[PDB]
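S.K.:
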Amino acid sequence: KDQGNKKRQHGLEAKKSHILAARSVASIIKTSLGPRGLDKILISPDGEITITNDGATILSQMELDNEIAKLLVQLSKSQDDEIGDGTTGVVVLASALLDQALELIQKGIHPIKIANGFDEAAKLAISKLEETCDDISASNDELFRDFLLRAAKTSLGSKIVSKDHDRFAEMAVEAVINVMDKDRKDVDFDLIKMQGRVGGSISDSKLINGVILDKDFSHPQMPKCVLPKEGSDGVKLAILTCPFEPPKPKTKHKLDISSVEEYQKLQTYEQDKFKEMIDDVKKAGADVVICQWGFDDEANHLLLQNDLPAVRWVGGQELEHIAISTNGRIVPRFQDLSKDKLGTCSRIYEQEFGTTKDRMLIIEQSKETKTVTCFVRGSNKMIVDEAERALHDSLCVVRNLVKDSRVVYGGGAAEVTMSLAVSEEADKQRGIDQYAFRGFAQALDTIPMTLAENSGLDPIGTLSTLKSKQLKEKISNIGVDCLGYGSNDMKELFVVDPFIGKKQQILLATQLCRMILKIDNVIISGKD
Amino acid sequence: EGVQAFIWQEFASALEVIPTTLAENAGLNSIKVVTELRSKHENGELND
Amino acid sequence: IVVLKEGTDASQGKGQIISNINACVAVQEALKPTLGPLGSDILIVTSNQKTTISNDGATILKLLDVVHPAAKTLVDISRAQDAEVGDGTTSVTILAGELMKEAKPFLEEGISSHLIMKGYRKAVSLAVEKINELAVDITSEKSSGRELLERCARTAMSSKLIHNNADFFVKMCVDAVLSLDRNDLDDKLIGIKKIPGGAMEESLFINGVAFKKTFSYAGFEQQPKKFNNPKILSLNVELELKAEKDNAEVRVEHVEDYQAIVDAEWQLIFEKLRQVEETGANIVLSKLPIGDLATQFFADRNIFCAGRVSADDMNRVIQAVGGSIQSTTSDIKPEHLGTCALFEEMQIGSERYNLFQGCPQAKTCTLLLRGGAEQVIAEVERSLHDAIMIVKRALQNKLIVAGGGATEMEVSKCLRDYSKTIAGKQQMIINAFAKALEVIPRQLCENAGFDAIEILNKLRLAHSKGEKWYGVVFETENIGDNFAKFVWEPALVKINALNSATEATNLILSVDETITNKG
Numbered sequence: 009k010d011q012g013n014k015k016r017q018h019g020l021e022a023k024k025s026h027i028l029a030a031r032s033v034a035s036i037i038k039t040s041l042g043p044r045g046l047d048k049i050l051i052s053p054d055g056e057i058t059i060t061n062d063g064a065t066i067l068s069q070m071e072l073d074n075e076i077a078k079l080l081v082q083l084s085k086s087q088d089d090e091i092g093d094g095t096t097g098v099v100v101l102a103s104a105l106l107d108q109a110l111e112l113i114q115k116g117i118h119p120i121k122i123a124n125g126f127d128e129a130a131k132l133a134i135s136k137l138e139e140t141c142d143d144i145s146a147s148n149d150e151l152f153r154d155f156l157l158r159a160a161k162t163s164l165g166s167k168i169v170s171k172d173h174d175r176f177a178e179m180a181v182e183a184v185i186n187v188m189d190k191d192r193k194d195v196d197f198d199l200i201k202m203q204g205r206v207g208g209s210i211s212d213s214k215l216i217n218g219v220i221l222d223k224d225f226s227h228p229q230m231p232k233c234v235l236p237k238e239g240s241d242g243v244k245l246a247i248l249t250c251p252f253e254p255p256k257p258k259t260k261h262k263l264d265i266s267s268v269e270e271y272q273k274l275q276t277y278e279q280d281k282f283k284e285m286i287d288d289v290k291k292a293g294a295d296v297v298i299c300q301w302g303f304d305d306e307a308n309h310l311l312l313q314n315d316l317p318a319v320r321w322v323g324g325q326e327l328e329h330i331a332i333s334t335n336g337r338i339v340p341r342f343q344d345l346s347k348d349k350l351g352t353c354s355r356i357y358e359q360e361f362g363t364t365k366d367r368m369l370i371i372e373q374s375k376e377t378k379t380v381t382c383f384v385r386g387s388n389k390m391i392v393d394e395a396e397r398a399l400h401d402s403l404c405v406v407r408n409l410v411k412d413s414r415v416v417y418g419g420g421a422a423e424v425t426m427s428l429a430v431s432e433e434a435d436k437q438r439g440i441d442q443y444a445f446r447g448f449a450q451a452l453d454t455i456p457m458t459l460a461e462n463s464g465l466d467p468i469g470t471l472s473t474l475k476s477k478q479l480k481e482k483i484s485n486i487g488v489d490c491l492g493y494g495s496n497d498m499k500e501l502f503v504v505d506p507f508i509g510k511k512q513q514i515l516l517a518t519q520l521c522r523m524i525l526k527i528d529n530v531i532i533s534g535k536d
Numbered sequence: 094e095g096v097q098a099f100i101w102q103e104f105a106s107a108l109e110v111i112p113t114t115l116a117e118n119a120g121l122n123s124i125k126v127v128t129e130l131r132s133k134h135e136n137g138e139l140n141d
Numbered sequence: 010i011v012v013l014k015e016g017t018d019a020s021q022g023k024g025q026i027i028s029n030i031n032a033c034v035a036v037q038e039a040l041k042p043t044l045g046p047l048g049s050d051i052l053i054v055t056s057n058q059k060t061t062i063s064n065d066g067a068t069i070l071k072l073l074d075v076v077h078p079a080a081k082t083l084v085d086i087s088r089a090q091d092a093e094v095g096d097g098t099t100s101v102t103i104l105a106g107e108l109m110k111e112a113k114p115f116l117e118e119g120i121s122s123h124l125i126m127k128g129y130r131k132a133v134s135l136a137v138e139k140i141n142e143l144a145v146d147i148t149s150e151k152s153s154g155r156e157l158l159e160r161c162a163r164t165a166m167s168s169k170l171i172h173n174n175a176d177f178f179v180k181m182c183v184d185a186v187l188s189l190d191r192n193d194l195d196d197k198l199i200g201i202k203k204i205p206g207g208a209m210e211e212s213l214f215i216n217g218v219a220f221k222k223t224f225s226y227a228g229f230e231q232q233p234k235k236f237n238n239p240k241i242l243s244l245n246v247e248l249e250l251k252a253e254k255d256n257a258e259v260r261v262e263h264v265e266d267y268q269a270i271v272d273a274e275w276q277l278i279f280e281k282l283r284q285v286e287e288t289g290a291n292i293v294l295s296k297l298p299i300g301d302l303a304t305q306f307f308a309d310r311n312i313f314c315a316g317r318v319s320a321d322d323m324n325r326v327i328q329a330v331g332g333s334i335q336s337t338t339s340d341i342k343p344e345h346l347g348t349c350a351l352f353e354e355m356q357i358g359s360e361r362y363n364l365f366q367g368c369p370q371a372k373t374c375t376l377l378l379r380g381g382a383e384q385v386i387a388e389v390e391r392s393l394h395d396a397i398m399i400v401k402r403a404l405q406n407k408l409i410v411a412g413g414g415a416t417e418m419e420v421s422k423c424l425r426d427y428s429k430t431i432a433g434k435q436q437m438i439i440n441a442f443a444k445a446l447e448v449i450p451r452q453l454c455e456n457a458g459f460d461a462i463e464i465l466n467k468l469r470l471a472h473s474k475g476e477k478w479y480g481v482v483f484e485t486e487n488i489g490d491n492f493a494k495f496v497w498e499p500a501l502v503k504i505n506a507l508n509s510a511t512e513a514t515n516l517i518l519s520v521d522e523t524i525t526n527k528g
């Protein structure tokens with residue numbers, strides 16, 4: 009169906025069109041590689057206008073009608089949900105591998121042989137990189153923390169967060185540590201939530217081991233802080249899912265007022281009912297009352313008289329988060345409150361940020377919790393978004409470092425070492441596979457060349473100097489001085505990136521190159 | 094080091110044109126002949 | 010007003026059949042990259058901007074939606090082959106396209122479609138006869154009912170811990186699926202369990218179910234441990250005096266109330282256990298532990314019991330005994346009781362194991378592996394799983410022919426030999442059909458990256474002499490005996506694919522002049 013305007017390609021034409029599309033995609037993010045990447049002005053098809061140098065955002069907002077390019081875009085999007093920091097590098101490496109595959113095909117090598125050779129070369133490069141890794145945790149825990157903080161600050165310094173990058177890195181490290189098991193070393197990003205508001209500056213960012221709920225404790229005169237009572241059993245929080253309203257007959261579920269006398273009598277009876285409910289709450293030992301619905305004026309007044317803060321309009325998921333953080337239980341009604349179900353938190357208090365009318369509250373916990381919120385402040389929505397992205401990058405870096413103590417040095421030094429090893433293997437290797445290995449090494453060489461080009465250095469001279477230094481003099485970690493440094497040899501500059509991150513980048517690039525290479529025909533249906 | 098290394102590598106790669114042309118004109122597998130010659134040269138010298 | 014042809018006219022003569030051939034060749038070229046396990050994927054985009062990448066022939070045919078009236082016949086034939094057979098979907102299309110290509114010169118020379126159809130039918134009949142001759146089905150000819158599968162099983166065990174002892178494990182792998190119903194084989198009936206200690210060759214094969222001993226309460230060494238024709242009772246919960254699961258909190262404020270509750274519980278459990286004696290069950294299995302009282306009662310009635318049986322173990326028991334599991338002891342009835350030919354307790358590794366053996370109604374097999382370490386047992390289990398899958402696939406269809414193009418080469422050679430003794434255009438048609446039959450190996454080699462010319466020449470040279478089992482080896486680019494390497498495909502699948510391709514080719518070529526409406 010829809011034969012009219014149906015796209016089709018031939019083998020000799022498709023094998024070149026795919027590579028041309030790959031090059032076109034690679035040109036999108038070539039300038040964004042490295043800390044010295046260029047900011048691009050993008051307007052999404054939905055009308056979202058922003059300025060950023062992040063490859064992930066560039067590819068997400070930039071859509072296209074080329075199916076081959078859509079493969080790269082989808083791969084980048086999928087990677088963004090994992091680490092996200094190697095998107096530009098992965099795309100560049102995949103483009104280089106595709107160009108090398110095109111060159112091999114022009115020489116008469118079947119695509120399947122090229123894919124197999126690239127897979128073997130990637131395996132060898134990963135093995136060499138692992139062999140050249142340095143174990144930081146097994147050497148010194150203090151150096152491990154220092155490297156974590158240093159990498160976090162290096163990642164943060166490329167964004168607006170540079171103002172409070174120290175606090176941001178501390179918050180990221182603490183958040184990663186709090187939501188992970190030391191032995192298991194598995195970290196779920198779902199355990200760390202991102203929140204923020206427009207206004208103020210990033211200096212007000214705070215790390216919370218619980219939920220905020222963005223509530224003002226109902227009446228403005230309620231206590232703004234509940235202490236643990238000098239080492240008592242924490243602070244008891246009542247979790248409720250019903251409004252604080254007086255019981256009414258089931259016949260009508262409404263109360264009728266005829267005149268002033270009935271008004272006053274009904275008000276007195278409602279006040280008595282509210283007093284009974286508040287006494288029931290107090291007997292349970294609860295200090296702060298949380299309800300899924302709102303509170304009546306009499307309820308708020310009497311709670312103020314009893315100094316019992318009231319939290320109103322809390323969603324079911326928010327109540328579940330409160331229970332998880334405080335290890336409590338959800339109590340249906342006020343009369344069902346009991347000391348065995350009230351949650352136990354370190355403290356609950358109101359935190360004010362500038363003149364924001366939200367007047368949000370903070371619930372803190374001392375033990376490990378499955379809900380951690382990173383609150384971010386900023387004078388503009390774009391500033392808050394950039395700060396949240398920087399926090400995400402720092403969290404990913406810390407997660408990768410804790411997952412595997414083995415780390416690698418950035419600036420392309422690992423790429424240069426892998427390229428040298430692959431070239432040596434290709435020289436040793438016999439058969440057609442030698443060309444594939446050499447092409448893989450040349451593709452690996454692209455990353456340092458691109459970094460040198462983006463940093464304002466002569467790429468031809470820079471790549472050759474790095475390779476010569478790492479080959480003839482000694483094996484070390486020498487990369488592209490993208491940032492202001494007094495010398496090369498990042499080993500002394502302490503530019504470190506996770507080993508598993510680089511391994512994942514290489515694997516994703518190889519898989520994407522194989523995926524694009526193993527597709528020979530493209531069919532696009534027409535439009536009505 | 095420098096541009097000289099790149100140019101020398103390109104010159105070395107280009108030098109293999111003659112054997113490639115000979116293999117193509119002889120009806121032999123172009124890529125396989127070059128690999129066979131390279132493998133054989135690892136043991137012999139100006140013999141194969 | 011209404012025009013059936015939408016104002017579009019069509020020509021008459023050989024032009025129509027030539028255009029149909031061109032369309033069919035276009036479809037064949039479109040589906041060519043997907044042939045074989047190494048076939049390339051095709052990116053197809055629907056009108057709703059949905060993109061799908063896959064080399065599955067059925068998916069490609071469904072998403073292509075060919076509009077040409079003639080090629081649609083081949084598309085429908087391939088879809089029917091996939092729906093009814095499920096194997097060779099792409100092969101039928103490739104063969105049909107190759108036959109259409111071969112028919113083009115015959116039509117250009119003035120040969121009528123009837124002659125081509127008759128020649129193709131004769132060649133297909135000869136090919137079916139050759140397939141039947143080549144079809145392999147051995148019961149006791151130089152083999153046995155299990156050896157034919159043990160030979161295939163041994164291949165999966167190469168370079169493994171059981172490679173030297175594969176002769177013993179292949180028998181267990183074959184029995185894991187041969188002793189059960191062959192109409193429905195699945196991996197859930199080949200459960201394997203590990204027992205530390207002992208030699209690997211000492212592994213025990215159980216036709217029923219096996220589980221570890223879990224009883225450590227009073228009454229041990231009193232209940233019978235062996236039965237000749239026991240009846241098996243399966244339970245979930247509510248067997249012990251103090252229920253571990255689905256229990257309730259009981260609070261007592263007076264000693265008299267406590268004594269009354271204890272007496273009531275004792276009477277209830279006594280009645281529930283007397284139900285077991287009345288129904289006549291010999292082995293009682295439950296997911297919960299058994300207390301002193303229940304086990305003592307069972308021992309006093311010569312009844313064996315064992316608790317703490319996991320859900321998977323209970324399902325295995327249900328399948329082995331052919332009975333049913335009861336939720337609670339209050340509803341025990343003889344209708345849910347199973348029957349087994351032998352129950353015995355094993356002393357493997359100085360650890361007690363309870364199992365059922367020799368049950369004629371068993372629908373699952375259990376393997377108890379032995380070894381000096383758990384890692385060795387895990388490797389043995391992996392090798393056993395691989396061999397069991399291989400033998401299961403072989404047993405699903407024991408009528409097989411040499412794969413890797415060997416069958417196609419033999420059919421082509423036989424067709425050429427027959428044509429050499431046949432006069433008339435029948436010779437040309439048979440030769441064309443035989444040549445077209447070689448497309449499948451050619452395209453498989455091309456998709457695999459091998460040198461098509463050299464591999465095909467070597468295959469022709471080898472297959473023309475000696476054995477007819479020579480075929481293309483995909484592990485290494487060369488020609489070898491696929492039958493010896495256990496590379497095969499079903500004979501019925503090949504016959505069905507050939508028939509479908511012939512039917513499609515004849516239907517498309519059956520018409521030389523046609524007036525087709527547009528729509």
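Residue numbers (my numbering), protein chains in the order written: chain A, 9 to 536; chain B, 94 to 141; chain C, 10 to 528. Note that CB positions come from ideal geometry on N, CA and C, so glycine has one too.
1) In terms of residues, what are the limits of the alpha helix (DSSP H) holding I69(C)?
2) If contact means a Cβ-Cβ distance below 7 Å, which residues of the segment 48-66 of chain C contact chain A?
3) Is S35(A) helix, strand or coil when you go by DSSP?
4) If you measure beta-carbon to beta-carbon, which residues of the segment 32-49 of chain C are closer than 8 Å to chain A?
5) Tell me the rounded alpha-carbon separation between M166(C) and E159(C).
6) Closest by CA to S87(C), which one among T99(C), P78(C), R379(C), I171(C)?
7) Can you list the residues of chain C that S163(A) reaches, using a CB-CB cut of under 9 Å?
8) Please list, in chain order, all residues of the same chain as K510(A) whose beta carbon is under 8 Å from its beta carbon, the five residues on each side excluded.
9) What does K23(A) touch in chain B if you count any residue whose Cβ is under 9 Å from its own?
10) Hey, which unbroken runs of the alpha helix (DSSP H) at 4 residues or more fall wholly within the segment 158-219 of chain C?
11) What does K535(A) reach in chain C if we use C-beta pairs closer than 8 Å?
12) Write down the C-beta distance between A175(C) and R191(C) rounded to the nearest angstrom, noting that I regard them as a contact closer than 8 Å.
13) Figure out for me which residue from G48(C), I120(C), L518(C) has the closest Cα to the Cα of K434(C).
14) In angstroms with no decimal places, state the Cα-to-Cα distance between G97(C) and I532(A).
15) Please report how far the alpha carbon of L108(C) lies from the alpha carbon of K422(C), in whole angstroms.
16) Contact criterion: CB-CB distance below 8 Å. Does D74(C) meet it with respect to chain A?
17) Would you say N74(A) lies against chain C (beta-carbon separation less than 8 Å)?
18) Given a limit of 9 Å on CB to CB distance, which residues of the segment 453-479 of chain C reach chain A?
19) So which residues on chain A does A116(B) lean against when the C-beta distance must stay under 7 Å?
20) In this structure, how does DSSP classify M70(A) when only helix, strand and coil are distinguished?
21) Going along the segment 96-124 of chain A in order, which residues come within less than 7 Å of chain B, judged by CB to CB distance?
22) Within this structure, are the beta carbons of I270(C) and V285(C) separated by less than 8 Å?
M.R.: With the structure as the only source:
1) The residue labelled residue 69(C) in the question sits at position 60 within the third sequence. Unbroken alpha helix (DSSP H) run through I69(C): 66-73.
2) Along the segment 48-66 of chain C, going in chain order, the ones with a CB nearer than 7 Å to a CB of chain A are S49, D50, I51, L52, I53, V54, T55, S56, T60, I62.
3) On the first sequence, residue 35(A) is found 27 positions in, with the first residue counted as 1. Three-state DSSP puts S35(A) in a helix.
4) Cβ contacts with chain A: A39, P42, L47, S49.
5) On the third sequence, residue 166(C) is found 157 positions in, with the first residue counted as 1. On the third sequence, residue 159(C) is found 150 positions in, with the first residue counted as 1. The straight-line gap from Cα to Cα measures roughly 11 Å.
6) Numbered from 1 along the third sequence, position 78 holds the residue referred to as residue 87(C). The alpha carbon of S87(C) has as its nearest neighbour, out of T99(C), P78(C), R379(C), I171(C), the alpha carbon of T99(C).
7) Taking the first sequence and counting its residues from 1, the one referred to as residue 163(A) is at position 155. Simply none; closest approach about 34 Å.
8) Here residue 510(A) corresponds to residue number 502 of the first sequence, with the count starting at 1. Sequence-distant Cβ neighbours of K510(A) in its own chain, meaning closer than 8 Å and more than five residues away, are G94, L137, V416, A422.
9) Reading the first sequence from its first residue, position 15 is the one you call residue 23(A). What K23(A) touches in chain B: nothing, since even the nearest Cβ is about 16 Å away.
10) Runs of the alpha helix (DSSP H) inside the segment 158-219 of chain C: 175-187.
11) To locate residue 535(A), count along the first sequence from 1; it is residue 527. Here the neighbours are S56.
12) Taking the first residue of the third sequence as position 1, residue 175(C) is located at position 166. Taking the first residue of the third sequence as position 1, residue 191(C) is located at position 182. 23 Å between Cβ atoms; not a contact.
13) The residue given as residue 434(C) occupies position 425 in the third sequence. It is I120(C) whose Cα lies nearest to the Cα of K434(C).
14) Indexing the third sequence from 1 puts residue 97(C) at position 88. Indexing the first sequence from 1 puts residue 532(A) at position 524. Each residue's Cα considered, the two are about 26 Å apart.
15) As a working mapping, residue 108(C) is identified with position 99 in the third sequence. As a working mapping, residue 422(C) is identified with position 413 in the third sequence. So the alpha carbons of these two residues sit roughly 17 Å apart.
16) Counting from one through the third sequence, the residue named residue 74(C) turns up at place 65. Closer than 8 Å: yes.
17) Here residue 74(A) refers to the residue found at position 66 of the first sequence. Put simply, the CB of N74(A) is far from chain C, with every gap to its CB atoms at 8 Å or more.
18) The residues in question are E455, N456, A457, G458, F459.
19) Taking the second sequence and counting its residues from 1, one reaches residue 116(B) at position 23. Chain-ordered listing is empty here: chain A has no CB closer than 7 Å to the CB of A116(B), the nearest sitting near 10 Å.
20) Stepping through the first sequence from its first residue, residue 70(A) is reached at position 62. If DSSP states are grouped into helix, strand and coil, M70(A) belongs with coil.
21) So the close ones are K115, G116, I117.
22) The sequence position of residue 270(C) within the third sequence is 261, counting from 1. The sequence position of residue 285(C) within the third sequence is 276, counting from 1. No; because the gap between Cβ atoms is not below 8 Å, this pair is not in contact.
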